[PDB]
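**Student:** Residue numbers (the authors' numbering), protein chains in the order written: chain A, 2 to 68, 72 to 94, 103 to 397; chain A', 2 to 68, 72 to 94, 103 to 397; chain A'', 2 to 68, 72 to 94, 103 to 397. A prime marks a further copy of an entry chain.
From the three backbone atoms N, C-alpha and C, an ideal C-beta is built for every residue, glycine too.
Have a look at this one before I ask anything.
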Amino acid sequence: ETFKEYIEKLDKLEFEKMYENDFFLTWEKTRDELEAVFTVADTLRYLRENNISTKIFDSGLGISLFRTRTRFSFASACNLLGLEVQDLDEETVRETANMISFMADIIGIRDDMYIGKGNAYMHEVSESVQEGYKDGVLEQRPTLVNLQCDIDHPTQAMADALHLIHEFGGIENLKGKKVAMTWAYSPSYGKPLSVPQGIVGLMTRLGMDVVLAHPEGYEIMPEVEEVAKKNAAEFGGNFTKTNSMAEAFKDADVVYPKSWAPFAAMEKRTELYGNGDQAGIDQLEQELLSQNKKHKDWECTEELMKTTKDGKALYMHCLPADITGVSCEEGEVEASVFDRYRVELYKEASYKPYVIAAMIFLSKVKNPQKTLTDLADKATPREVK
Amino acid sequence: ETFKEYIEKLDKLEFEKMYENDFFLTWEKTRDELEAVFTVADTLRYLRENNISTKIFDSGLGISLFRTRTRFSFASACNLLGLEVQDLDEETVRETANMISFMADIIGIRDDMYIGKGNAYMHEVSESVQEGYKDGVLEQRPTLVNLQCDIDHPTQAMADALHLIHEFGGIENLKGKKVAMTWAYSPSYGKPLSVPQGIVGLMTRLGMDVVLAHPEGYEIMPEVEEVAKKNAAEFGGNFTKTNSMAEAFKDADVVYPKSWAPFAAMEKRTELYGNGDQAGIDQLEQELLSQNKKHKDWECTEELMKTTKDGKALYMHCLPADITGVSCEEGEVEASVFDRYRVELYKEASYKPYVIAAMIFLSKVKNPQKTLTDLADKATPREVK
Amino acid sequence: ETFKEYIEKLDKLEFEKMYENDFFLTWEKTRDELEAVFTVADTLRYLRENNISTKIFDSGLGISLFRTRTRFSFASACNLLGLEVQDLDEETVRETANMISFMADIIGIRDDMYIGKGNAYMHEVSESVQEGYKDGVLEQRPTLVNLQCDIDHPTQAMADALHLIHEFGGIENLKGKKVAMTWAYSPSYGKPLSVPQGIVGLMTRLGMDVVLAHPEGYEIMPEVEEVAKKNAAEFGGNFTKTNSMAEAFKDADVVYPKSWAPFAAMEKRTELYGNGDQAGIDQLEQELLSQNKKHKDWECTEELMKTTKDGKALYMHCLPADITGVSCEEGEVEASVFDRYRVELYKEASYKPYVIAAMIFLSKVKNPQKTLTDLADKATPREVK
Numbered sequence: 002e003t004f005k006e007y008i009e010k011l012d013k014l015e016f017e018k019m020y021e022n023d024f025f026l027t028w029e030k031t032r033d034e035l036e037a038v039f040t041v042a043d044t045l046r047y048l049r050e051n052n053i054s055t056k057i058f059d060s061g062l063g064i065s066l067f068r072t073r074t075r076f077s078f079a080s081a082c083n084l085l086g087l088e089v090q091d092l093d094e103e104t105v106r107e108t109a110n111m112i113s114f115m116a117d118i119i120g121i122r123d124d125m126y127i128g129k130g131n132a133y134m135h136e137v138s139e140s141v142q143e144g145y146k147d148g149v150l151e152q153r154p155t156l157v158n159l160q161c162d163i164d165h166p167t168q169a170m171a172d173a174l175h176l177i178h179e180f181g182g183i184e185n186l187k188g189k190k191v192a193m194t195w196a197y198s199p200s201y202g203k204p205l206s207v208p209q210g211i212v213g214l215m216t217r218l219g220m221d222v223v224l225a226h227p228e229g230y231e232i233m234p235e236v237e238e239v240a241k242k243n244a245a246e247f248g249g250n251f252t253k254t255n256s257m258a259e260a261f262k263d264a265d266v267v268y269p270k271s272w273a274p275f276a277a278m279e280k281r282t283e284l285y286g287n288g289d290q291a292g293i294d295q296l297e298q299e300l301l302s303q304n305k306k307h308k309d310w311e312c313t314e315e316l317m318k319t320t321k322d323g324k325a326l327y328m329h330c331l332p333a334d335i336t337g338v339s340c341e342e343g344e345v346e347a348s349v350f351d352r353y354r355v356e357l358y359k360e361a362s363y364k365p366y367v368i369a370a371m372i373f374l375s376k377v378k379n380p381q382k383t384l385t386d387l388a389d390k391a392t393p394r395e396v397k
Numbered sequence: 002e003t004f005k006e007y008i009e010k011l012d013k014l015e016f017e018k019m020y021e022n023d024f025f026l027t028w029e030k031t032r033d034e035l036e037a038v039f040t041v042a043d044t045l046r047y048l049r050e051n052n053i054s055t056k057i058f059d060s061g062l063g064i065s066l067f068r072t073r074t075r076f077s078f079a080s081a082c083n084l085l086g087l088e089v090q091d092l093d094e103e104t105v106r107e108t109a110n111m112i113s114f115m116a117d118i119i120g121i122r123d124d125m126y127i128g129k130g131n132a133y134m135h136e137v138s139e140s141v142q143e144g145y146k147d148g149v150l151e152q153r154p155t156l157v158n159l160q161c162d163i164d165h166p167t168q169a170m171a172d173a174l175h176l177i178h179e180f181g182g183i184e185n186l187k188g189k190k191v192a193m194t195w196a197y198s199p200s201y202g203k204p205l206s207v208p209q210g211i212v213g214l215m216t217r218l219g220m221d222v223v224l225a226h227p228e229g230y231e232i233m234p235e236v237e238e239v240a241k242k243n244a245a246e247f248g249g250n251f252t253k254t255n256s257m258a259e260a261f262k263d264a265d266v267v268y269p270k271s272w273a274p275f276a277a278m279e280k281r282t283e284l285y286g287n288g289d290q291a292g293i294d295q296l297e298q299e300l301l302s303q304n305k306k307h308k309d310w311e312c313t314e315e316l317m318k319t320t321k322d323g324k325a326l327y328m329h330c331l332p333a334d335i336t337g338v339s340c341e342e343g344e345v346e347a348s349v350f351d352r353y354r355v356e357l358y359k360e361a362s363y364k365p366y367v368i369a370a371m372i373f374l375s376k377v378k379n380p381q382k383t384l385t386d387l388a389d390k391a392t393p394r395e396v397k
Numbered sequence: 002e003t004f005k006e007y008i009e010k011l012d013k014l015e016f017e018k019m020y021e022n023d024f025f026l027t028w029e030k031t032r033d034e035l036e037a038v039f040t041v042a043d044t045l046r047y048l049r050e051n052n053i054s055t056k057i058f059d060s061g062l063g064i065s066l067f068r072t073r074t075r076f077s078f079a080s081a082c083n084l085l086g087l088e089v090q091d092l093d094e103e104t105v106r107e108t109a110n111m112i113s114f115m116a117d118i119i120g121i122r123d124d125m126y127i128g129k130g131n132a133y134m135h136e137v138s139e140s141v142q143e144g145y146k147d148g149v150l151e152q153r154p155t156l157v158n159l160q161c162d163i164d165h166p167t168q169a170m171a172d173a174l175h176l177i178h179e180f181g182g183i184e185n186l187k188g189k190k191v192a193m194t195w196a197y198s199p200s201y202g203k204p205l206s207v208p209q210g211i212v213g214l215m216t217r218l219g220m221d222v223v224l225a226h227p228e229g230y231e232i233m234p235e236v237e238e239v240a241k242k243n244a245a246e247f248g249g250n251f252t253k254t255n256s257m258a259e260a261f262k263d264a265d266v267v268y269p270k271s272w273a274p275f276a277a278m279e280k281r282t283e284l285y286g287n288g289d290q291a292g293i294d295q296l297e298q299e300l301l302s303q304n305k306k307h308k309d310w311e312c313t314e315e316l317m318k319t320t321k322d323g324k325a326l327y328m329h330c331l332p333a334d335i336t337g338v339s340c341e342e343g344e345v346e347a348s349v350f351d352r353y354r355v356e357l358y359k360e361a362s363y364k365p366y367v368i369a370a371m372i373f374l375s376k377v378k379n380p381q382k383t384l385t386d387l388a389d390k391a392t393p394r395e396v397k
């Protein structure tokens, strides 16, 4: 698409509320706001593809706050816009939020290890930073970008959605398509549910036919099931739950098989972690290990792919995947399946840097159309031509 | 204040000796030189508040040299001026000083754990770097900024002084004001004396009525007492020593209650550390723990605040403070007292980034007035307007 | 030399193949290509010496990939050209190579601990990154700079060669000169052979009279001996092997005495490391310790220096050196010898940042003459004048 087309698309969307605001969960934003992230994403790509610098800050920091793929993804986005990243180690939160912010425009936060704690922690940082700006402590109001929490993974989900839009030739062609978000076997102890919950909560916004397929006992956060049901019932398409991998793969257009630990188990883990009972934690993680040992047959196999739409549904995975007979003895996907989609899987990952930059752009530029246009006319070369 | 006023103030100060020089101790600089740091501090703030970039380096490094609040403070200052920070791990010093400096304009150093070692280490680095410049090894002469040593904490003290100037409406209104630099209870083993010595050595320059209040046995470096006595006797005001917290708080205009380990004890600690005797160190730190256990009553309490000027002296603390019943069982300050000054305490901290930038600016720009004016006329936007 | 002279020198060299290519081993490049690195090195120095910024990237990353002197050397080079460095911790390599590269223009790699593994690892990264560019995963093709491997140390060797060119007044004056690359005693377990192999493989290109002097049993990689023999026999000068330190020092114009572990021993070490046999490794390193204990007499001494050309051959060492009676009980060089050449040794090290920048420049600028000239005419100040 040409540059004129991108600007014209933004003009028929409404997104004034994204300015000087945070980004936590995809479903806290409107459909227009989500579409403004996609379009600004592609616009920044267009400009960089044509050797046009999109630096919008002459100085200022972006605070990275972990508690290494998203590490480089955030660093990339900041540098593209002209921000310099600083990493932080790991009313105390209020104090930490003001002390790091004096010359910070952005704060990216990853906190995904504990159910309940991660999302609340980001709200506290935002609130603290809002008050500091009001009380004159801070010259600006830093906007927060959720780089992964216990509830959602918005940068991953939106990068995944944008991949689909480009693979199927527009956001409207996603309507009616069948996406299988399923569980798969991992040797690992227990992975967060942010990706499964994140793409189920997002794809349901895009009018798709979404199916959540996991073995019994691996239920996701029930409040995210409720968000998906609403989404589908309100803005078209469907949401379905099932305990059969085959039933989900059958006639699927898209396939997303990644493992996760049971929501309930993560609630226990956090309470035990809060109580301090390390002996209980060790037992819980051993109990999970042998529970998911009973579902090794959950693997994205060449036989399963065969029962997909034309035997070639787009395989998606956030990476890295557990590849059977390469990364581990038994895993999420067969080697030959992975290899055949390798190019698509990497191209999928390429959208993440642009998605974070778009979120930053939208939260810091009151008139994106004008500034994007200003940046295009000046045409500052990022490389020597 | 307007921009014209800042330049005119610099014009009636003399500071030619700050160019291509280091900053170690506040009392090694003249009163005019100190006032040039305040004014350049406020000028850079003025410019950034009005969206005007103050980048003065197109490329070059600022070497950070620790041996996380000042970490971000130094990184902020460097980035504001256009320098990129690089962290170093922790005639060998001479070699290290030349090898890191080839494309370094600034070196910030924090070395505050051992009495005698820290200040000597910075002199050696400076000297090495001076000689390298003379012998053609180095294209430039990197200027050093003391980010905290065993003797003084110049960036903290000057940020604290600048806070006062803005709270009381000018540097001349500080004359006659009563500042209580006192000890307080901390559960921690033993904190450096750089802050207490630093603000006693600085506030005595500003014609204030300074009182050093600590329990018997907690004497500061006696050479810093001598600097304060001289300061007061020479440039007006007073310096007093006392072993009563109440007597210091009575009618105080400003109150600075932070704990520190006895100077003498720090001399032992270093000798033991030099001798290698770890068994002695462990005993010394246990001996301190129960010594300051006998002075839990040294706390900035709501009853003490009540005996201050109008019951509302400006509470100052470098942060973080030991808050009783929040951060610890028994600490430096009562929660309600802390909370009521929280806004001021954070605003105090905001001056540190600008103080470091000013020191850098003054050490690298032969004509500050002209360049500050050049930067104002060009008016390069740091953010999109 | 003036700027006009540098450009004219580049014009009578051919180096079109360096564009969008990697730099692994000095002997994989032509003599003209090597001379293009020297000239671009000196040109960037000339420009910076005259306060002229040489930033060529407005945004983009340089990935540093270790597996602290070259750390700062790489960071310096990147920043000079406008790139921002990001450090990485330590088909998986293929995945890692694409995931870090989305907005990376350069990748510097240090991997020098294991014979066979290091050079192969860089070829795999390059190949992966090449394919990604072809398949549309990557917007650009990142060029690799070998920051040190098991075979060569190209940035060190070229910095060393450039030092010589400036010490003896041109690359043509090196012809006929006698360079003693010799072993020396180190207390350390076992150092890589990349420096000895690197300068023997390079100096033989420059028509010099190179002698490899090491005690029996310390043979270097035999394939690098073969490269040196060829070099000398093909492009003039000589290569000789000897087991006498004196014979190598006699009438030497240049002296390079640094220790290294026997090539053969490094082959064992890696196999043991590959087999996992840690008990064998511990024994092998103890066997080396007492082997080189039998050659403490291999020291660059004041008596040896006396038998050099005029008793003042240029002493060279990559640094840091083992100095006898300062850094250790017994080492590579006598203190008085080291001290007298300290200035030259540091100036030698100063070329490394410019050598890395030159390699980057040549791999990313299709017309160096034009852009270097463009940068000179614009004359963007790096410092305020």
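For the beta strand (DSSP E) containing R394(A), name the first residue and the last one.
**Tutor:** The residue you call residue 394(A) lines up with position 382 of the first sequence. Here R394(A) belongs to no beta strand (DSSP E), and DSSP marks it neither H nor E.
**Student:** Three-state secondary structure (DSSP) at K187(A)?
**Tutor:** On the first sequence, residue 187(A) is found 175 positions in, with the first residue counted as 1. Reduced to three states, the DSSP call for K187(A) is coil.
**Student:** So with Cβ pairs under 8 Å, would you call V396(A) a contact of chain A''?
**Tutor:** Along the first sequence, read from residue 1 onward, the residue named residue 396(A) stands at position 384. It does: the Cβ of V396(A) has a partner Cβ on chain A'' nearer than 8 Å.
**Student:** Does the CB of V355(A'') have a neighbour CB from chain A' at under 8 Å?
**Tutor:** Working through the third sequence from its first residue, we reach residue 355(A'') at position 343. It does: the Cβ of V355(A'') has a partner Cβ on chain A' nearer than 8 Å.
**Student:** In chain A'', which residues lie with their C-beta within 8 Å of the C-beta of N83(A)?
**Tutor:** If you number the first sequence from 1, residue 83(A) lands on position 79. Under the 8 Å cutoff, chain A'' gives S60, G61, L62, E88 and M115.
**Student:** To the nearest angstrom, report how far apart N304(A'') and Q290(A'') are at their CA atoms.
**Tutor:** Here residue 304(A'') refers to the residue found at position 292 of the third sequence. Here residue 290(A'') refers to the residue found at position 278 of the third sequence. Near 22 Å, if we compare the C-alpha coordinates of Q290(A'') and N304(A'').
**Student:** Would you call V89(A) buried or exposed, if buried means 16 or more other Cβ atoms sit within 10 Å of its Cβ?
**Tutor:** The residue labelled residue 89(A) in the question sits at position 85 within the first sequence. By the neighbour-count rule (16 or more Cβ atoms within 10 Å), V89(A) is buried.
**Student:** Report buried or exposed for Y358(A'), applying the criterion of at least 16 other Cβ atoms within 10 angstroms of its Cβ.
**Tutor:** For the purposes of this step, residue 358(A') is taken as the residue at position 346 of the second sequence. Label assigned to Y358(A'): buried.
**Student:** By Cβ distance below 6 Å, which residues in the same chain neighbour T392(A) in space, the five residues on each side in sequence not counted?
**Tutor:** As a first step, residue 392(A) must be located in the first sequence, where it is residue number 380. Counting only Cβ-Cβ distances below 6 Å, and skipping sequence neighbours, we find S54.
**Student:** Using Cβ-Cβ distances below 9 Å, what residues of the region 145 to 162 of chain A are close to chain A'?
**Tutor:** Correct list: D147, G148, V149, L150, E151 and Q152.
**Student:** Answer with buried or exposed for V105(A'), where buried requires no fewer than 16 other C-beta atoms within 10 angstroms of its C-beta.
**Tutor:** Translated into the one-based positions of the second sequence, residue 105(A') becomes position 93. Exposed, since its Cβ has fewer than 16 Cβ neighbours within 10 Å.
**Student:** What residue ranges within the region 334 to 380 of chain A' form continuous alpha helix (DSSP H) runs of no fewer than 4 residues, ordered along the chain?
**Tutor:** Listed in chain order, they are 347 to 376.
**Student:** Assign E21(A') to one of three DSSP states: helix, strand, or coil.
**Tutor:** Residue 21(A') sits at position 20 when you count from the first residue of the second sequence. If DSSP states are grouped into helix, strand and coil, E21(A') belongs with coil.
**Student:** Mind checking which residues open and close the alpha helix (DSSP H) that includes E279(A)?
**Tutor:** Walking along the first sequence from the start, residue 279(A) turns up at place 267. Looking at the DSSP string, the run of the alpha helix (DSSP H) that includes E279(A) is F275 to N287.
**Student:** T108(A'') by DSSP, collapsed to three states: which one?
**Tutor:** Position 96 of the third sequence, counting from 1, holds the residue named residue 108(A''). Looking at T108(A'') - three-state DSSP - the assignment turns out to be helix.
**Student:** Below 7 Å on C-beta distance, what does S362(A) contact in chain A''?
**Tutor:** For this step, residue 362(A) is matched to residue 350 along the first sequence. Neighbours of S362(A) on chain A'', chain order: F114 and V149.
**Student:** Between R73(A) and chain A'', is the shortest Cβ-Cβ distance under 8 Å, so that the two count as touching?
**Tutor:** By 1-based counting over the first sequence, the position of residue 73(A) is 69. Yes - at least one Cβ of chain A'' is within 8 Å of the one on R73(A).
**Student:** In terms of residues, what are the limits of the alpha helix (DSSP H) holding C82(A)?
**Tutor:** For this step, residue 82(A) is matched to residue 78 along the first sequence. Start and end: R73 to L85.
**Student:** Quick check: the Cα distance between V345(A'') and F275(A''), rounded to an integer number of angstroms?
**Tutor:** Here residue 345(A'') is taken as the residue at index 333 of the third sequence, counted from 1. Here residue 275(A'') is taken as the residue at index 263 of the third sequence, counted from 1. The alpha-carbon atoms of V345(A'') and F275(A'') are separated by roughly 23 Å.
**Student:** For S256(A), does the count of other Cβ atoms within 10 angstroms reach 16, so buried, or fall short, so exposed?
**Tutor:** Numbered from its first residue, the first sequence carries residue 256(A) at position 244. By the 10 Å Cβ count, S256(A) comes out exposed.
**Student:** What first and last residue would you give for the alpha helix (DSSP H) that runs through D59(A'')?
**Tutor:** As a working mapping, residue 59(A'') is identified with position 58 in the third sequence. No alpha helix (DSSP H) holds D59(A''); DSSP gives it neither H nor E.
**Student:** Closer than 8 Å, CB to CB, is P393(A'') near chain A' or not?
**Tutor:** Against the third sequence, residue 393(A'') aligns to sequence position 381. Yes, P393(A'') lies at the interface with chain A' (some Cβ there is under 8 Å from its Cβ).
**Student:** Below 8 Å on C-beta distance, what does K270(A'') contact in chain A'?
**Tutor:** Taking the third sequence and counting its residues from 1, the one referred to as residue 270(A'') is at position 258. By Cβ distance, chain A' contributes nothing, its closest Cβ being about 16 Å from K270(A''), past 8 Å.
**Student:** Report yes or no: do three or more beta-carbon pairs, one from the region 145 to 165 of chain A' and one from the region 332 to 344 of chain A', lie closer than 8 Å?
**Tutor:** Verdict: no, contact absent.
**Student:** Rounded C-beta distance between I163(A) and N131(A)? I'm assuming under 8 Å.
**Tutor:** Locating residue 163(A) in the first sequence gives position 151, where the first residue counts as 1. Locating residue 131(A) in the first sequence gives position 119, where the first residue counts as 1. The pair is a contact, with the Cβ atoms about 5 Å apart (cut-off 8 Å).
**Student:** With three or more C-beta pairs closer than 8 Å as the rule, is the region 240 to 253 of chain A' touching the region 168 to 182 of chain A'?
**Tutor:** No: fewer than three Cβ pairs fall under 8 Å.
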